[PDB]
Amino acid sequence: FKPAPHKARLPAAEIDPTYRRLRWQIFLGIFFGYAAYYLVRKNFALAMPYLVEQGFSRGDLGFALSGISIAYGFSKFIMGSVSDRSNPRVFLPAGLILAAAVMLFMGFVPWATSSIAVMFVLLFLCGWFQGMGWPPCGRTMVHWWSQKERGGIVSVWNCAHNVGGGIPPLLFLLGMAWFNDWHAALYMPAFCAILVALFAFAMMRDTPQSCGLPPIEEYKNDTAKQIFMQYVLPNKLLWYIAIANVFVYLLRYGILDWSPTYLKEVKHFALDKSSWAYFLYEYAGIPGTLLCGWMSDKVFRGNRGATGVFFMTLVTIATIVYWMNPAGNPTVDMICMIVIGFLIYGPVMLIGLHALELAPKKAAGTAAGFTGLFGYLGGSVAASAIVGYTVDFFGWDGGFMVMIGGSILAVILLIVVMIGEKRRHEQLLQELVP
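Note that the sequence shown covers residues 5 to 226, 240 to 451 in the deposited numbering.
Structure (structure tokens):
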């Protein structure tokens, strides 16, 4: 049984010194701990093109992949309290290895891996476990030090999905030679994830327990859900960006979860470069997104909707050119992928930020969060499931129709939120009226 606090004070003249280390120490912990989860989500994707040379794949597999998101979905509804009770040091590795092991269940046991939604169910757990991963990472950051946190986080949101999610096709690519079987080498990435998990456990801590000093060191010292229903629920404005975020997320994931599979269906050059792109795409987001921020602050003078516009437009132009390509896509897709990815995150971050302004004082928090989930939740189901099915009764072309089309609205919609937010401003004028 764990939770366990076990706190005991040994201050002893110069706890400061063991703090510097206990902080430089722990930060890598949760950061890489969190990063490790991402090796685990997008393994099945890589499975599908390998998997199903065999009639297996309908476009159904997408429904199967669809699992991860749903569980992550029903997940936060309750895990949000558990980590609060339990201890971040254990709970984080305890969730990873718990999940990353499950993946191993698939990569090795035939019945388990090839059944047509036996996987849905196995995968579904993955989602649930994936759930735990972040909130202890949250409880920790609370124990860093107030009014500093803004910084520790800046780094965590934007780098964490990419540093980890872009490495797995690389391992599979490598595990091909050593573990010859192709239909199922989606296990090798998971093999190492457990390893990071240990490292995670071996370096994190609560930090109340050895110092005994609630973060003072500078003497910072600092209603219900209703808010969502009261301030966020109608907000016809917040809705538009949320219904917009969706398609943004569908262009990102739908283009990405198929990237290996669609390559080698048509434009089939090789697995070698295929997987070397998926890496490149997810990793190339780091520099861009980082820039998307500065360009947005310096060039667009703080207008977030408009930066999405600049970026959202730029992402769409690439997606279509890349849509128009024959077996001469070799030196087009490399750049194509490097680019698509480079920008897709731009609006993901911007909307959220945008949301903060679209409502009152506390609403921001739950206002900006609502967006992320309405966005991610749906964005995926469609990104994965629907696309697959929009290829069975239709061609593969109709795939991009929903994707390219999807983006198109995100912008038109991002426009409306821009007009609307400003029309709203003009009305305070009527406040003086009677």
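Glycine included, every Cβ here is placed at the ideal spot set by N, Cα and C.
C-alpha of residue 416 to C-alpha of residue 307: approximately 30 Å in a straight line.
Straight across, the Cα-Cα distance linking residue 326 with residue 11 is about 51 Å. Sequence-distant Cβ neighbours of residue 356 in its own chain, meaning closer than 6 Å and more than five residues away, are 335. For residue 92, the closest C-alpha among the options 152, 7 and 182 is that of 7. The beta carbon of residue 157 sits closer than 7 Å to the beta carbons of 145 from its chain, once the five residues preceding and following it are set aside; these are given in chain order. The count of Cβ pairs closer than 8 Å, one atom from the segment 209 to 216 and one from the segment 37 to 49, stays below three, leaving the stretches out of contact.
For the set 16, 140, 388 and 81, the Cα lying nearest the Cα of residue 100 is the one of 140.
In the assembly as shown, residue 46 is a buried residue. Its beta-carbon has 16 or more other beta-carbons within 10 Å.
In the structure shown, residue 190 adopts coil according to DSSP, grouped into three states. Excluding the 5 residues flanking it on each side, residue 89 has same chain C-beta neighbours closer than 8 Å at 7, in chain order. Residue state for residue 113 is assigned as coil, using DSSP reduced to three classes. DSSP, reduced to helix, strand and coil, places residue 55 outside both helices and strands of the structure shown, so it counts as coil.
Secondary structure of residue 283 (DSSP, three-state): strand. Scanning 377, 305, 177 and 97 for the CA closest to the CA of residue 250 turns up 377.
A residue is called buried when at least 16 other Cβ atoms come within 10 angstroms of its Cβ; residue 126 meets this threshold and is buried.
Per DSSP, reduced to three states, the secondary structure at residue 316 is coil, with no helix or strand assignment. When DSSP states are grouped into helix, strand and coil, residue 358 belongs to the helix group.
Looking at the backbone, the Cα of residue 56 and that of residue 397 are separated by about 21 Å.
Taking a cut-off of 8 Å for Cβ pairs, the segment 173 to 181 and the segment 73 to 81 do not touch, as fewer than three such pairs fall below it. Contact between the segment 290 to 306 and the segment 424 to 439 is absent, with fewer than three C-beta pairs closer than 8 Å. Within the same chain, no residue comes within 6 Å of residue 441 by CB-CB distance, once the 5 residues on both sides are set aside. Remark: C-beta atoms of residue 254 and residue 438 approach each other more closely than 9 Å. A straight line joining the alpha-carbon of residue 201 with that of residue 79 spans about 21 Å. Between residue 129 and residue 106, the alpha-carbon positions lie close to 8 Å from each other. In this structure residue 191 touches residue 111 by the C-beta definition: roughly 3 Å separates them, less than 8 Å. Taking a cut-off of 8 Å for Cβ pairs, the segment 21 to 30 and the segment 159 to 179 do not touch, as fewer than three such pairs fall below it.
By the neighbour-count criterion, in which a residue is buried when 16 or more other Cβ atoms sit within 10 angstroms of its Cβ, residue 450 is exposed. Taken in chain order, the complete alpha helix (DSSP H) segments of 4 or more residues contained in the segment 372 to 417 are 380 to 398 and 404 to 409. Taken through DSSP and simplified to helix, strand or coil, residue 345 comes out as coil. Residue 421 is positioned such that its CB atom lies closer than 9 Å to that of residue 340.
Restricting attention to 280, 102 and 165, the CA atom closest to the CA of residue 198 is found in 102.
Between the segment 295 to 314 and the segment 404 to 415, the count of C-beta pairs closer than 8 Å stays below three; the two stretches do not touch. DSSP places residue 126 inside the alpha helix (DSSP H), whose first and last residues are 122 to 136. The way I'd put it, the segment 277 to 289 doesn't touch the segment 313 to 328; fewer than three beta-carbon pairs between them come closer than 8 Å. Sorting 351, 267 and 252 by C-alpha distance to the C-alpha of residue 286 places 351 at the top. Ranked by how close their Cα comes to the Cα of residue 194, the residues 174, 205, 209 and 370 have 174 in first place.
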